[PDB]
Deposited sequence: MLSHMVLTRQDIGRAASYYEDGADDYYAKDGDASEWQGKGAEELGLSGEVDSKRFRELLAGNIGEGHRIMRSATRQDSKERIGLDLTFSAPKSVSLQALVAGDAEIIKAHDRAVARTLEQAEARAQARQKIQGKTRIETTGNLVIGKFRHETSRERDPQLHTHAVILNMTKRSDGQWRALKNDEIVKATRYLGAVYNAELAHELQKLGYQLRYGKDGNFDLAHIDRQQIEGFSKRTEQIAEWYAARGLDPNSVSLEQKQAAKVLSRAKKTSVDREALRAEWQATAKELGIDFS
């Protein structure tokens, strides 16, 4: 799955609460950002502070409006893949998943644009450079093994005149449906090369064959809570509405109890084999 969200001022904390971590992009490499992410410098980049002796971006933003600090492209991996990576503990699947993200974001990067006004007439220009902060997370709200990566695309791209202008967001936003598959297709290719058998269902989606549905929803409690949400309120999973579909975006909440993780994975392991799950 590719979950997206355009990021504003209201979110800057939760945006920083995203710290395993890597930079990616032509926009990042030109600003000299390589290797892991620095929390102080990432928040500087969210806020508009590029540094390197240049002004602060998005000065020409209107004040009635929300200052959007970037775009969150979350690459959420299927359940069966999370279990073989987090419960079995396979680094190869962790490493396969990062590549699906990285190769998908390169196509997102190819779709980067910004606007240039020359004598009162705006021009759209495809820049093809992005400044992305990627953060690999391993759990979910109900702390089910849930591999997902936050691709924070910073609201900046360098133009051909050498300037840092805000990214034109459109052709990335309206390509989320495509990029969700590009992540599907890359990850499927990688697992297929590791010797893993895949079973298919719904949209191009797939699970490992040794992990059937029988033991998937056991680890999909967060989905059981979503499924029970609409079922309480007398409504189908499939015949929902856009926003009304996010009626579970929160309200299926739990307590974010900070827990030890070593004893959790042994819980995973025992909750796995209790479903007879064979990691083969």
Notebook entry, point to check: Which ranges of the deposited chain go unmodelled, in order along the sequence?
Noted result: 20-32
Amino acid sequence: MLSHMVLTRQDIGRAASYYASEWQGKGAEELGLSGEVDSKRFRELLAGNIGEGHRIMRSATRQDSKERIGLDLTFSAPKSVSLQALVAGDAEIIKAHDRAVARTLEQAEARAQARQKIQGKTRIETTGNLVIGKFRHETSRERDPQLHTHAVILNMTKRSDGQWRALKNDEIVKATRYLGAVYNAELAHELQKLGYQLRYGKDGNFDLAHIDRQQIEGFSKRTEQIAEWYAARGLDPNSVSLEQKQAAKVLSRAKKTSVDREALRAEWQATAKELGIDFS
From here on, numbers count along this sequence of modelled residues.
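Whichever C-alpha set is largest while still superposing within 1.5 Å between the two forms counts as the rigid core.
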Check: After a rigid core fit, does 247-255 or 57-65 show more C-alpha displacement in 5 other deposited structures of this protein?
Finding: 247-255
Checklist line | Stretch with greater C-alpha deviation in 5 other deposited structures of this protein, 144-152 versus 200-208 (rigid core superposition) | finding: 200-208
Next item on the list: Between 35-43 and 62-70, point out the one with the higher average CA B-factor as the PDB entry records it.
Entry: 62-70
Check: For the stretches 153-161 and 102-110, which has the higher mean C-alpha B-factor as given in the deposited record?
Finding: 153-161
Next item on the list: Choose from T127, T139, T122, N205 the residue with the greatest Cα B-factor as stated in the PDB record.
Entry: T122
Next item on the list: Quick one: which of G48, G218, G27, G53 shows the highest Cα temperature factor in the PDB entry?
Entry: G53
Next item on the list: Going by the recorded CA B-factors, say which third of the chain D260 sits in, lowest, middle or highest.
Entry: highest
Next item on the list: Within this chain's modelled residues, let me know which third the CA B factor of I94 belongs to: lowest, middle or highest.
Entry: middle
Next item on the list: Going by the recorded CA B-factors, say which third of the chain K134 sits in, lowest, middle or highest.
Entry: lowest
Checklist line | Assigned third (lowest, middle, highest) for the C-alpha B factor of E267 | finding: middle
Check: Lowest, middle or highest third: where is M5 by C-alpha B factor in its chain?
Finding: middle
